[PDB]
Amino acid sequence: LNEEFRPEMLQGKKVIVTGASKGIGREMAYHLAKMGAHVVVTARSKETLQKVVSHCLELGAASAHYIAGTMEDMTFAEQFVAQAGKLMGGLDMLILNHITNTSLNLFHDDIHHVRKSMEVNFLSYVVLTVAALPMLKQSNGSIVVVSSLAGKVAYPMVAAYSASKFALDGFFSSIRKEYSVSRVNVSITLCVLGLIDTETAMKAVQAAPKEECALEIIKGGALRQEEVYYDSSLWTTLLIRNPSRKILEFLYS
């Protein structure tokens, strides 16, 4: 779009946010709440989710519902979309944000962490996406994929994490192109985040604030942007872009 962002773009939209119990996903739920969308939030914490929702109503959500689950269950994820699109009567925006817990750790031989990472952080995203597609095609809707610097560049202590984040990129970019000719009109937004000041991130480890981070993710999705960047450093963000890649893609088109 040629636009500038304004809060009202979300008013009355039917939004899904995953990994919505804490951290950025919640912040996003709240932002959407403030902007009066319909929101369905998911994560494992039944009792925390209910509270996020109540808060969403007080903020002025078109409506807010929760479905508790774990994205390790591919079945749960197919059915979550089904159910969620029932509570809202459709879907404008799918925000894929959840991750499985990991640690800063040297990879010796922790294979089961790699596999899990790949299922939670990447496969569930494909599944949610697949289930969310006919309705997003309905609303000429949007898919938002939360990633990180570590999905663009190498870092140590997070091989499993990066593998999966790098994977989102490969798969959704390629999918983006696909839609960019089947003239399927769903946007796909890949968010690349630097350190954000989330409880989990801070207790695991300069940090950018989560509140503004969430909104920047929502802005990028509403503006149908291809990629969103966000980091405590401006130095950081300018650089994350990759010109050499754009040319190559267009060259090979």
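Take the two forms, find the largest set of C-alpha atoms that superpose within 1.5 Å, and that set is the rigid core. Residue positions are given as counts along the sequence shown, with the first one as 1.
In summary, of the stretches 102 to 110 and 121 to 129, 102 to 110 shows the greater Cα distance from the shown form in 6 other deposited structures of this protein, with structures fitted on the rigid core. Remark: when the other structures in 6 other deposited structures of this protein are fitted onto this one via the rigid core, 224 to 232 deviates more than the alternative among 189 to 197 and 224 to 232, judged by RMS CA distance. According to the record, the deposited sequence contains 4 to 9 residues between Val205 and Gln206 that were left without coordinates. Taking only CA atoms, the mean B-factor in the PDB entry is higher for 196 to 204 than for the other of 196 to 204 and 219 to 227. Averaged over their C-alpha atoms, the temperature factors of 169 to 177 and 104 to 112 are higher for 104 to 112. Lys152: CA B factor in the lowest third of modelled residues in this chain (values from the PDB entry). Among the modelled residues of the chain, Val184 sits in the highest third by CA temperature factor in this PDB entry. Placement of the Cα temperature factor of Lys210 within the chain: highest third of the modelled residues, per the deposited record. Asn121: CA B factor lies in the lowest third for its chain, per the PDB record. Per the PDB record, residue ranking by Cα B-factor puts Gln138 in the highest third of the chain.
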